[PDB]
Each structure stands twice: as structure tokens, then as C-alpha cells.
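Residue numbers (the entry's author numbering), protein chains in the order written: chain U, 1 to 288; chain V, 22 to 310; chain N, 274, 323 to 545.
We put the CB at the ideal spot given by N, CA and C, even for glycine.
This report refers to the structure that appears directly beneath it.
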Amino acid sequence: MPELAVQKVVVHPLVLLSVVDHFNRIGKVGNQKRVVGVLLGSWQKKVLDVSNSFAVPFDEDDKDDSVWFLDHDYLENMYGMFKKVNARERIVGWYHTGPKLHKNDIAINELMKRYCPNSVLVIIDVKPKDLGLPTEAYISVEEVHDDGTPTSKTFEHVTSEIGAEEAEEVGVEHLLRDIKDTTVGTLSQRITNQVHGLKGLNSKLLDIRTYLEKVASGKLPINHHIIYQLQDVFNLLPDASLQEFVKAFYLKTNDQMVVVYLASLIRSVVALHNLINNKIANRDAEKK
Amino acid sequence: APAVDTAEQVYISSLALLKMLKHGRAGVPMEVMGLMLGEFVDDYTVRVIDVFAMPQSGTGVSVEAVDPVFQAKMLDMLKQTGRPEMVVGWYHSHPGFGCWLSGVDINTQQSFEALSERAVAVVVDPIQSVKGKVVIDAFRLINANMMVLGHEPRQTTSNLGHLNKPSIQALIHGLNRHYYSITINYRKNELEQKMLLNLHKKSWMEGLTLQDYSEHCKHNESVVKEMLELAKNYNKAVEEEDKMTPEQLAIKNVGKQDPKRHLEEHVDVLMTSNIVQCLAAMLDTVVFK
Amino acid sequence: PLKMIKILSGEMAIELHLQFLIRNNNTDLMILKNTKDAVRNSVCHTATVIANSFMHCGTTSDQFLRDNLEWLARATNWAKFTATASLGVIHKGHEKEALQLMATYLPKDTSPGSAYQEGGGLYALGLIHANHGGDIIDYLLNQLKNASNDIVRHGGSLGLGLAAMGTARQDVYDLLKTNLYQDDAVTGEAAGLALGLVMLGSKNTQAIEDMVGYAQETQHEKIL
């Protein structure tokens, strides 16, 4: 079966909310036993728009990760209904509720591929992963590594971003009781983003180093691409130059200051003498 | 009856609200409808958890769309998942009619009422979901015997009791002759918010990014040239301006806003470009190094 | 210091309050007729029965009882409950009348006469009796416990809570608690509100543990 019609995967805010909400609805499982559900969305496009998700009851044990239940029958019956809603809604792939992928996920993937025409395994997390994306999208690939590993079926990442639809986007604002200090439209928002940026870089940066250690000892298989990309980052380095700002901002501001002060200087004598007569008047006026 | 029919202030969750707006939008002018899954507590609290939709048609809402088969079919799926939900009511979208309940829409609401005594009827406006204001209302049917004896303010008791006016015209007139409209509240949860607020891993480096000198230079050139033009104006302006009231000074110096303010606006735009570049310039070099 | 014992108990205090109010009172028939003509049975009526009862409060007058006999009879629904309930706000103090007048409405006389009225009496009673409660509370517990429908149970639980106010004791709390556990449709808001009333001005470790723990668990609006 094809996994083809993807080069990008955008995911709606609807997708995430549906999984936390659905956890209570089914059984109040709460990621005690990981859930896999259908991932619904558009087709006949290069880009993948994941419009929607619904849960399927799938419990995978915590004794063992090779045993699971996946409710097949629900998938065929839910199929006919999707057209009643809209004819752009078809089964694109499946969702994993995290916290992480498994080797076991290849086997879960073969069953789901029969239904889909463009299966993808997108891990939508029940916990939001950081302030970054709470979603990572992956696609099943047959590849060899020059680590002395013959043919494996594994998950290589494909770029994930968050998108929205015209109907949905409006609805999100109304619902929200946050105002956004992280809007990123203007200078005020932009300065916050820079502080956070540094913190983001640090969180990402640690992982890269532990991965390098694992290969060294605490043996882990080398994904060749990762090592190739790492070395590239260090070589571009140059040193800094210039950039500065003018005295001009102040000049304008001072201009405003003169105008008021001149108006004040004529007004002063008038305003200050009169005060005593009005003051007396006020106290008596107040009583009645 | 006036002695047990009260209005149902509907708490609408993110999963229902978004679903309904999207479904209507794509179909237009084909109208979509469906049953709403939720739970009923109080004698007036309905939380609308989630929705699924019924058959779209090119005449829109009709009797033909409503069959017990679709509903019955759904309920079997509800058991299998182990979701409990009973039916709270039904929804529809009218791009082709106003908020007033069309003659086929009342027929459809009566059938749905036989199944769940407490039934709600919702107009969605998919068209309005394109703009930044969205107007949607929920309603509840009122009985013919109820009107004569009770009168429509009986639905208003022991609940929120906000009665909506969706402009004048057909919408208001149809409201009055047909149903009682009751308000919308949004259910929220902290977790639900947190999902929405989330951005990107990539934005982390985005700010950091060292803005090209080239682009900066384009901005710098653009800023000094406007400034020079305005500078003259600024120069004439200061000879006068002995009086307060800055708007009067704007007519005098010519145009909306003072020329001092125009120069500052430009100085500030440059300042913003400069702020990202210079901060970024040192910051980048030190951290990777 | 013997009369000092009385006043502290609340018996005396009611005598004072009722006398001042009844004697000086002003009550005009026109307000009642104007309202009567305008709205026959409505939500508007609901606000009126409580409100017009407040306007002429602390009096023993028959005038209300005779004139808005017709109001009570016209009413059904939530409007009827308020109308019965509102008799307690008029007869604030009035110790002897408080127990007798309400008695009929209470479940030991009428009960399948209208559930709305049946709860309404229990609620009226707690209102008059509040913060002079000591004798009343036992009677209120027995009544609430016995009848236990939907409607009567809500009016009972809210009524008992008012009379008992500030005792901070397990005996009223336990009865109420049991009502909170069923998660019955209407009673749940009154039983939760009630727990706080009785406990007032003092705390108990069991009281706080129930209110917070059940709030998290439930997603039903009235208990929360």
C-alpha cells in the first residue's frame, strides 16, 4: 500500500483537544494504557491537512508492548459515516498518544495501511511537549545505515507545523480566555520571543550531546544522517561586526516637551491667582 | 407545558463548536445537520461534548435526512467505544436561511424531540465563520398550549434567561412566532487552553536569527529618506506651536498627525529592525563558538 | 447576673424583631393588584412573589395570605416554589406562626399536593428561623430525611442549612452529606451550598475534605 500524498503534515488544534477529551469519554484511561486512534483529514493534495481525529479503543499493555487490542470493526463502519460529514474526510493514518515511539509501532502501522491510501504515524501527545509543537509527524521508511545494519523498517521524521482552517481559526479566539503575550506580531511580542529562544535552544541542545555519547558507549545504532548534519553546524562560524543606533529618537520627544511648557508659562499667573477664589467658593457650594 | 419546560443554557466545548462551523462551511449552499452528543445534568444544564453529522443535500434540511437508522447506528458505535453519551439535541446550518427556523426545520425538530424530551435546536452560520465575528444561537421549541396559558417568559425562569435579538427582518419575526432562544456559554479547561497556546520548536531559533545586513540596509535607506522629507515640515512647524491641543497643530502643519510624530514613527521602525539585528549579531557568534 | 439566659438562646431576640417590624409596618394593597393584573404566571411573577413579600416584611398580616391566594393557585413550576418559600420572608420573627403556618406546606400534612410547594415550605422555614436555630434543626432533619423526593429534598437541604447556620457540627453535616453523595439532579446545588452554611465561622477536617474531593471528581454542574 502507498504511504504517498504527503510532503508536509499540518495538524489542527482540534486534533489534540479531541484526544484529551476522548480519554475521559471512553473509560477514563488517561494514557495508563496507550491509545491508538484513527487520524482523519484531506486527500488529493501534496500537503497533508489533518482535519480531525477520533479515538479507537486500543489498549497496549505495560507488562508487554507486543500485546495490544485494536478495534478493527469500528474502522469500517465509521468509514461510510465520514462522507455524511464532508467528502474531504477520509482516513489518512493513525495517531499514537505517546510518550514515545516503539519498534512495536511498525506492526501497528501494517494493519492501518490497508484502510488508508496515505498512512502516516503522527504522535499527538496527550501532554503538550513543551511550548513547542505538541505533535511530531513520522513516516515508515525502509533504509540501511552504514553502521553494519541490514534492512530495517523505522520512522524518519517529516516536517511538522501547525495550521488552521478559516472556520476553525475564529472559533479558537472566542474560546480562548488567554490574551497572548506570545502573539509574535510586533516589537512587544518579539522581545518575549528572544528571551524564550535562548531557553529553547538549550532544551534542544542537551539532547544532541547525549545522542553522541550513546554511540560512543552505552551502544546505540548510528543514524548516519544525524552525524552528517551535526558537523555542518560547527563549520559556518565567523566573528561579529557593527550595528548601532542614532540619537534621533530623543529629538522628537523633546519637541513635544517644549510645546506644552510654553502654553503652561502663559497660563500660570492666571490659573494660580484664580485658585484661591474658586477654593472658597467650592467649600460653600458643596453644602447645598 | 409551562410546568416543566425551561430553557437549556448550552455549554459548548471546543470539539463541538469547531466541528459544526467547519462542516457547514465546506458544504455551502448545501446545508449540513446532525445529532449532538452530550450530557444533561440539572434541569437546565446541557453540555454539548461532541457532534457527528447527518446527510447533506442541495435542498438542505428536510424530513428525508432524518432517519432513526443513522442515530441507531451511531448508538451501537457508542457502546463499542464505551462512550456513554445520550442525545442532547440536534444541529443544522442555514447559509440559505437566517437564524429563523425554516418550515422543514421545525418538522425535523419535532421528530428529534420524541426521542429526547430535552432537545435543543442550533443555527450555525458557516458564512460568518469566514469573518472575525461569529453569530450562532441555540434554541428550544415551545409548546402551543404553553403559550396561551403560560406565555413565553415561563421558559426564562430557573436559568440564565437571556433572550437574543439576531438583528431585525425575518430572523426576529420567525423567532417570536416559533421558539424561545437561549444563550451560549463556553466550557473550558486548563489543559484545553494549553494545547491552543502552543506554537513551534522552530520559533525558538527564529528570533535569534541574524537578520541580513542587506535587508536591514533596505529598511535603513527607506527610513532616512522619509525622515528627510518630513524634517523640513518639522522645521517650519516649530516656529509656531505655542498652543496646546496637538490635533490643531496637525491641521496647521498639514495632514493627520504632527510631523514630529511622523519622524519618530520612522525612527522607531528602524529601531525595531536594528534591535533584532544587533542583539542577534553578538548573540549568535558567541553561543555557537 | 435569668432573662440574660433567654435572649442569648434566641427566644427573646425574635420577640423584639417581630414587634418593631409589625407595628411600624407599611403595606399597600395597590402594588400587589398592579402586579397581579400585569403578569398571571411568569418569570416576572417569580421575582415578584419574593420581592413584594420582602417589601412588607416582619409583619403577621393576613392581607398577603388572602390576596395572593390567587397568585399561588395560578402558579406551576419553579414560580410556585418561590411563592410558598416567600411566606417565611414576610413572617420574619413570628415564632409561633413560623412553625404553624409553614407546617401544612411541610411533609407531615400535605405532600402529593404539589412537590414545588412541599419543598417550598422547608425553605421558608429555615429563612425565618435562621440564626436563632437551636430547637428547629432536629425537626428539619427528620422531615428532609423522610420525604426525599427530587424537589422536596432540595428545599429541605437548603432550609436545614439556613436554620442550623454556624453550628459547625457533624450531625447536620452527615444528613446533608448523604444527599450530596446520590448526585440527584436538582438537590445537589442546595446540598453543596448547605454544607458551607452550617460549618460557617469555624472549620472541621472532615468538612473541608468532602467539599474539595467531590468538586474534582464531578463534572455535573450543580454539585460543583
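8 Å Cβ cutoff met for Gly441 (chain N) and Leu461 (chain N): In the third sequence, counting from the first residue as 1, residue 441 (chain N) sits at position 120. In the third sequence, counting from the first residue as 1, residue 461 (chain N) sits at position 140. Not a contact, by the Cβ cut-off of 8 Å.
Contacts of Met303 (chain V) in chain U (Cβ-Cβ under 7 Å): The residue given as residue 303 (chain V) occupies position 282 in the second sequence. Near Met303 (chain V) (Cβ distances below 7 Å), the residues of chain U are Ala240.
Neighbour flag for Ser188 (chain U) against chain V, beta carbons, 8 Å: The sequence position of residue 188 (chain U) within the first sequence is 188, counting from 1. No, because no Cβ of chain V sits closer than 8 Å to the Cβ of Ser188 (chain U).
Selected residue, minimal CA-CA separation from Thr135 (chain U), among V:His221, V:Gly124 and V:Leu122: Along the first sequence, one-based indexing puts residue 135 (chain U) at 135. Checked all of V:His221, V:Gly124 and V:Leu122; the closest Cα to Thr135 (chain U) is V:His221.
Any alpha helix (DSSP H) of 4 or more consecutive residues that is wholly inside the stretch 167-209 of chain V: 174-177 and 190-199
Beta-carbon spacing of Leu121 (chain U), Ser140 (chain U) below 8 Å: Within the first sequence, residue 121 (chain U) is the residue found at index 121, counting from 1. Within the first sequence, residue 140 (chain U) is the residue found at index 140, counting from 1. Yes, the pair counts as a contact, with Cβ atoms nearer than the cut-off.
For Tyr74 (chain U), the nearest candidate out of V:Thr102, V:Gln92 and V:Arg282 (CA to CA): By 1-based counting over the first sequence, the position of residue 74 (chain U) is 74. Of the candidates V:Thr102, V:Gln92 and V:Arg282, the one whose C-alpha sits nearest the C-alpha of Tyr74 (chain U) is V:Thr102.
CB of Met41 (chain V) within 8 Å of CB of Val82 (chain V), strictly: To locate residue 41 (chain V), count along the second sequence from 1; it is residue 20. To locate residue 82 (chain V), count along the second sequence from 1; it is residue 61. No, the pair does not count as a contact, with Cβ atoms beyond the cut-off.
C-beta neighbour in chain N for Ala24 (chain V), strict 8 Å: In the second sequence, counting from the first residue as 1, residue 24 (chain V) sits at position 3. At least one chain N Cβ lies under 8 Å of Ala24 (chain V).
CB contact flag (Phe73 (chain V), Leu237 (chain U), <8 Å): On the second sequence, position 52 is the one that residue 73 (chain V) refers to. On the first sequence, position 237 is the one that residue 237 (chain U) refers to. No; because the gap between Cβ atoms is not below 8 Å, this pair is not in contact.
Three-way DSSP call (helix, strand, coil) for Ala74 (chain V) in this model: As a working note, residue 74 (chain V) is residue 53 in the second sequence. Strand.
The stretch 126-143 of chain V contacting the stretch 249-267 of chain U, beta-carbon criterion three pairs below 8 Å: no
Continuous beta strand (DSSP E) stretch holding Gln30 (chain V): start and end: Along the second sequence, read from residue 1 onward, the residue named residue 30 (chain V) stands at position 9. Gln30 (chain V) -> beta strand (DSSP E) spans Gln30 to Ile33.
Residue-chain proximity (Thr66 (chain V), chain U), Cβ-Cβ < 8 Å: Against the second sequence, residue 66 (chain V) aligns to sequence position 45. Not one chain U Cβ lies under 8 Å of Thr66 (chain V).
Test: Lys45 (chain U) CB closer than 8 Å to a CB of chain V: Walking along the first sequence from the start, residue 45 (chain U) turns up at place 45. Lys45 (chain U) does not count as touching chain V.
Beta bridge counterpart(s) of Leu40 (chain U) as assigned by DSSP: The residue you call residue 40 (chain U) lines up with position 40 of the first sequence. Its beta-bridge partners are U:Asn52 and U:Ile91.
Members of the stretch 350-369 of chain N near chain V, C-beta cut-off 7 Å: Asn362, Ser363, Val364, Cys365 and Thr367
Test item: CB-CB of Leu443 (chain N) and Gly476 (chain N) under 8 Å: To locate residue 443 (chain N), count along the third sequence from 1; it is residue 122. To locate residue 476 (chain N), count along the third sequence from 1; it is residue 155. Cβ distance < 8 Å, so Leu443 (chain N) and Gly476 (chain N) count as in contact.
Cβ neighbours of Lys33 (chain U) in the same chain (closer than 8 Å, five flanking residues each side left out): On the first sequence, residue 33 (chain U) is found 33 positions in, with the first residue counted as 1. Taken in chain order, the residues that qualify are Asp59, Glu60, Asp61 and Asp62.
Contacting residues, own chain, Cβ-Cβ under 8 Å from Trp111 (chain V) (five flanking each side not counted): For this step, residue 111 (chain V) is matched to residue 90 along the second sequence. Excluding sequence neighbours, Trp111 (chain V) sits near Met54, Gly55, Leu56, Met57, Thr129, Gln130, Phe133, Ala140, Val141, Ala142 and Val143.
Reduced DSSP secondary structure (H/G/I, E/B, other) of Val69 (chain V): The sequence position of residue 69 (chain V) within the second sequence is 48, counting from 1. Of the three classes helix, strand and coil, the one that applies to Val69 (chain V) here is strand, per DSSP.
Cutoff 8 Å: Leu121 (chain U) Cβ touching any chain V Cβ: Locating residue 121 (chain U) in the first sequence gives position 121, counting from the first residue. Cβ-Cβ to chain V under 8 Å: no for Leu121 (chain U).
Proximity below 8 Å, CB of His44 (chain V) to CB of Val85 (chain U): Your numbering for residue 44 (chain V) matches position 23 in the second sequence. Your numbering for residue 85 (chain U) matches position 85 in the first sequence. Taking 8 Å as the Cβ cut-off, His44 (chain V) and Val85 (chain U) qualify as a contacting pair.
Alpha-carbon spacing of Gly48 (chain V) relative to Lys113 (chain U), whole angstroms: As a working mapping, residue 48 (chain V) is identified with position 27 in the second sequence. As a working mapping, residue 113 (chain U) is identified with position 113 in the first sequence. The straight-line gap from Cα to Cα measures roughly 29 Å.
Beta-carbon spacing of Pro23 (chain V), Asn398 (chain N) below 8 Å: For the purposes of this step, residue 23 (chain V) is identified with residue 2 of the second sequence, where counting begins at 1. For the purposes of this step, residue 398 (chain N) is identified with residue 77 of the third sequence, where counting begins at 1. Yes. Within cutoff.
Stretch pair the stretch 163-183 of chain U + the stretch 144-156 of chain V: three plus CB contacts closer than 8 Å: yes
Chain-order list of residues whose beta-carbon lies under 6 Å from that of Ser119 (chain U) (same chain, five-residue window excluded): Position 119 of the first sequence, counted from the first residue, corresponds to residue 119 (chain U). Contacts found: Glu3, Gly93, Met112 and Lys113.
Runs of alpha helix (DSSP H) lying entirely within the stretch 63-149 of chain U, each at least 4 residues, in chain order: 73-85 and 105-113
Min CB distance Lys413 (chain N) to chain V below 8 Å: In the third sequence, counting from the first residue as 1, residue 413 (chain N) sits at position 92. It does not; no Cβ of chain V falls within 8 Å.
For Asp358 (chain N), the first and last residue of its enclosing alpha helix (DSSP H): As a position in the third sequence, residue 358 (chain N) is number 37, starting the count at 1. Here the alpha helix (DSSP H) through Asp358 (chain N) covers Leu350 to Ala359.
Proximal chain V residues relative to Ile162 (chain U), where beta-carbon distance stays under 9 Å: Locating residue 162 (chain U) in the first sequence gives position 162, where the first residue counts as 1. Neighbours of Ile162 (chain U) on chain V, chain order: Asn219, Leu220 and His221.
Residues that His44 (chain V) contacts on chain U, provided the C-beta gap is smaller than 9 Å: For the purposes of this step, residue 44 (chain V) is taken as the residue at position 23 of the second sequence. Correct list: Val85, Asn86 and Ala167.
Residue 582 (chain N) burial status per 10 Å Cβ neighbour count (16 or more: buried): No statement about residue 582 (chain N) is possible, as the shown extent of chain N runs from 274 to 545 and does not include it.
Per-residue burial, residue 296 (chain U) [other beta carbons within 10 Å of its own, 16 or more giving buried]: This structure gives no information on residue 296 (chain U), because the portion of chain U shown stretches from 1 to 288.
Beta-carbon spacing of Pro221 (chain U), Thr159 (chain U) below 8 Å: Position 221 of the first sequence, counting from 1, holds the residue named residue 221 (chain U). Position 159 of the first sequence, counting from 1, holds the residue named residue 159 (chain U). Cβ distance not < 8 Å, so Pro221 (chain U) and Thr159 (chain U) don't count as in contact.
Contact with chain V by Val507 (chain N), beta-carbon distance below 8 Å: Taking the first residue of the third sequence as position 1, residue 507 (chain N) is located at position 186. Yes, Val507 (chain N) lies at the interface with chain V (some Cβ there is under 8 Å from its Cβ).
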